[PDB]
Structure formats: C-alpha cells, structure tokens
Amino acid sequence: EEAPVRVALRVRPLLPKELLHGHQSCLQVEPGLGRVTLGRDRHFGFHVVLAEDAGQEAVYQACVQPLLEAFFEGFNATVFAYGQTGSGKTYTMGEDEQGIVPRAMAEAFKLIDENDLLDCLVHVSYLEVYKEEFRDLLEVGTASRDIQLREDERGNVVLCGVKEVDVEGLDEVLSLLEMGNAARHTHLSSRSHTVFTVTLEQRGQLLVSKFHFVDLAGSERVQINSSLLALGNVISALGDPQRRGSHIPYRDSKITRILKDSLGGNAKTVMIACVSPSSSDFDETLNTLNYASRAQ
C-alpha cells in the first residue's frame, strides 16, 4: 500500500529564439536508457526520461495515466511540474498539443461512464499560492485570510473557504480552467504555484480521493526559506531510507501542507522535471537535474 515518488525528466526542444541567439544543446538524452548526460561528464538517470520528440500523449501515458488508475481505486495522486521558467512546465501540465490536465480529465469521465455500479461525483478547485497566500481562481473573489488549510483526525487535508465546482464533463472542466486562468492576471505567474485539485467521491460507504495537478513556480535561483526548497526537503526525505520512516517535514510551506495526504507515503506521486537543453541554461539545468535526483 506504499509507493515511492516517481521522477520523470522531460527535455524540450531548443526553441527558435535560442537557436537564433546562437545557443546549442548541452544535453545528450537517452530515453530508452532512462538517462541524460549534461556537458561532457555529468550523467543522470531517472525513472522516466522523455526527449524532445516525445509528444503530449506520450508524456501522459508514461507519467500520468497510471496515477488515474490509483485515483479511481481511492488513492490520492499528485503530478507536479518543476523547473526553471521557460523549461515547459505549463506546456506540459496543460491547465494534439493539449497537456496533462485535459487528457486526464477526458479519461476520468470515460472511466466514470464505464463503472456503472458506482455512483460518482466529481468536483474541482483551482488555487494559486503566492508568498504563502492563497487565491481562489474560481471565485468572484475571496480574501486570502479567509482561505485556511487544516488537517482532520485521519490525516486528510481539509480546505476551508475554497470554492468546489461540480463537473460532469471535459467541456465544463475546460471552461473553468479558462475562467480561472483569466482571473489569475487581474505579480508574474512564473513566481507563483497553481494547484488544480480534482476530488472523486464514489459510492456503491463513501470513497473519496484527490488528484492534484501542480504547475510550480520557476526554480531559478539568484535553510528552507522558499516553498520549492520545502518541497525538495519533503521529497528528499521520502526518498532517503534513513529519513523516510520518520516524520516527513510537510509543515514548512502551504504547498507541502496542501499536498500532505497526496505526496509519497500511501499516495501516488510523479514529479515531471522540465529542462531546457540550451547551453545558455546550463547552470539552471544542472540545478534541476540535481534537485530531481534528490527525490530518487
């Protein structure tokens, strides 16, 4: 009933603008060996390695589709995109160029239709976290002070003050995403995190599970003073045989608290670490490769 955080690396193509500025690829990517080489000498393996020619459907199948199955069994699941601004986190998460969220939701509604013995309800929330304050992207608006994050006796995360919207189909999900994304604007989204949470309630007793799709703030850098370092500390602890049997340090950030029942342990979690191949990005790409390695 227990599982490790799975780490995928997704390397995007060199963009036309990077090529026109004279940059070249610094990455040799070997997807069928599960590894990459940075520069001459730096080798990194990961559970999944996706090269520049892996399309969106391939990413979804490799990384995500197995989570959707656990979610329907009553497990909590989280997929989060990590990496520097410009590396492809939003393109990947998608919230045939569509990303993970629409693919996962299309499949979820088909599964609901297939399991005809169950009476299922799906509802969604969409939240932004910026400087440890929440904004509810689905609400006409809500004071940050009025949103609170709590935990029940059974260890379940409980949101207070957050709008939950029942959804019966992909079209309704897409409309809510469109609305929330427009509301986000009116502080630079590369600097904030977003969490789209899908809750599935199934009855023959009630079985409730959560699937979080997380597009993180940019990882670029100028102990544990940032939400990304808090997340790193949590996933490092989960991946370390000496630390993983002890208390996992979720309390240090709202991003790890909101995911506390969804991150490692009895839940299923995938981190997609996105990297630019550009030589101009070498240092931040190394940072990302090292961060992702700490989770394994």
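Just count from 1 along the sequence shown to find any residue number.
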Deposited but uncoordinated residues in the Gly204/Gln205 interval: 10 or more
Residue stretch of maximal mean CA temperature factor, 257 to 265 vs 33 to 41: 33 to 41
Tell me which stretch, 244 to 252 or 226 to 234, has the higher mean Cα B-factor listed in the entry. 244 to 252
Go through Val167, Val140, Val101, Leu118 one by one and give the residue whose Cα B-factor in the PDB entry is largest. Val140
Comparing recorded Cα B-factors across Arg221, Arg135, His212, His193, which one is largest? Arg221
If you rank the chain by CA B-factor, which third does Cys274 end up in: lowest, middle or highest? lowest
Is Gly83 in the lowest, middle or highest third of its chain when residues are ranked by C-alpha B-factor? lowest
Comparing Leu216 with the other modelled residues of its chain, is its CA B-factor in the lowest, middle or highest third? lowest
Going by the entry, which third of its chain does the Cα temperature factor of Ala182 land in? highest
Record-listed C-alpha B factor of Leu67: chain third: middle
